[PDB]
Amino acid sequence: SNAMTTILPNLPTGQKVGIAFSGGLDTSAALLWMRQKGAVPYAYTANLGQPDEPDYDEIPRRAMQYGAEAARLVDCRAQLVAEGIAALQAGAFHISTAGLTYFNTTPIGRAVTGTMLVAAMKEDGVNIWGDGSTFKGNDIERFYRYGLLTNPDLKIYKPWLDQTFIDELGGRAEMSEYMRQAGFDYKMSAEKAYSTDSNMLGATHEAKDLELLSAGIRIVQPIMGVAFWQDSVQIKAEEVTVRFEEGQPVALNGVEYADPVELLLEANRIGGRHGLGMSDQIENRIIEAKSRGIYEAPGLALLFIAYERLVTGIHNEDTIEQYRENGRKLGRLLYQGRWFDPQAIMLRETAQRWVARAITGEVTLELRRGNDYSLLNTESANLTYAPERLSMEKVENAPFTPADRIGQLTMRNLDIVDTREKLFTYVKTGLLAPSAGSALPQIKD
């Protein structure tokens, strides 16, 4: 080991140690433990607009009760929405099943907190991050990378590498006990059949009973919308308009939003009433092993429909093709924690400039249950869709004549003959089966 080794396996006694303080059991016990053992902890709670968080202000207050040197709320909502919109603009979603898309809400979230919490730590003179992200997940890598990109002098302390931490804490029962012995009644929540990670872009549910592919969405109580699959849940058809100005979502139902955070919060409400955007995916972790999740993203799903519809009516085939190619590649880079790397920047800026800036328009749709919806109208001054330009009603307005089309067809013949000749060559070399045959099963070569 040396001075520039990033990972610290032992608690840095007497030093300032930053903690991404969500206020759950793990971070609460860790913070208390770090103080007890001699470190000086600084708590940073990310305000991510979590749909299941009732009161962010209460969290720093508990950090101080547990002995934090300082505790603050870092507002990450604006950035989260801006990165979410950038991902949307670039179609940066690589996880999908028969078209149903996962909007990479977890990786976007990590890109935001990994950079913003480390920067907040740096401003307070905190160059050590006591990051509990586990050895078997994706976040250990994402946070490692985002952290070091933000603060080159960052050291990362991994408590689970410290035998004293493993012995005194460990499982949830031991951590819950450690809290109680220090005089803090940690209000243990009612246990669920899965784990949840959330932010205002979306929520992901996985692990525990969701590890079995025989279980699924039926066991999930959604936190950003209703259980649309249950008959007792009454959902009436609802018309919605979504308006974009140069790629930025600016209005919902004719109401203009100067604040994009407020706009996404309203998109979330609209999609949420219908259960729009939920999916079930098997994803490939960074370590090359699969995991399974149930996902929610009602607001982004709503915006995705409108943005895509406009893209298909505004951009040419090659542009749409590059957009989709770039997006799948960018999605994977995002998932790996490389959202700010040069290769990702290239893909991202290309979409923000040449694809998104032309997207000025409005899409009208009807939402019913889950992903059942209908398109009602699509409007844009930038549309290239124009059946009137294809009108052959008058000879004076027709773009081309029947004779012109025949001329175009004649240009295909040379390559057609080349292809037919390839087919015959492929039969002779045994790659393709001959055209003609027998009326009964036949003997092969």
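Residue indices: 1-based, along the sequence shown.
**Student:** Highest mean C-alpha temperature factor of the two stretches 62-70 and 386-394, which is it?
**Tutor:** Result of the comparison: 386-394.
**Student:** Between 395-403 and 45-53, which has the larger average Cα B-factor in the PDB entry?
**Tutor:** In the deposited entry, the stretch with the higher C-alpha B-factor mean is 395-403.
**Student:** Comparing recorded Cα B-factors across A193, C76, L330, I108, which one is largest?
**Tutor:** Most elevated C-alpha B-factor of the set, per the entry: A193.
**Student:** Out of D341, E168, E349, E83, which one has a C-alpha B factor higher than all the others in the entry?
**Tutor:** Of the options given, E168 has the highest CA B-factor in the PDB entry.
**Student:** Taking the chain's C-alpha temperature factors as the reference, tell me which third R309 falls into: lowest, middle or highest.
**Tutor:** Ranked within chain, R309 CA B lands in the lowest tercile.
**Student:** State the tercile, meaning the lowest, middle or highest third, of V233 with respect to the CA B-factors recorded for its chain.
**Tutor:** Highest third.
**Student:** Please place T378 in the lowest, middle or highest third of its chain according to the CA B-factor in the PDB entry.
**Tutor:** For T378, the deposited C-alpha B-factor lands in the lowest third.
**Student:** For the chain shown, is the CA B-factor of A120 in the lowest, middle or highest third of its modelled residues?
**Tutor:** Its C-alpha B-factor belongs to the middle third of this chain's values.
**Student:** Report the third (lowest, middle or highest) to which the CA temperature factor of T319 belongs, ranking only the modelled residues of the same chain.
**Tutor:** Lowest third.
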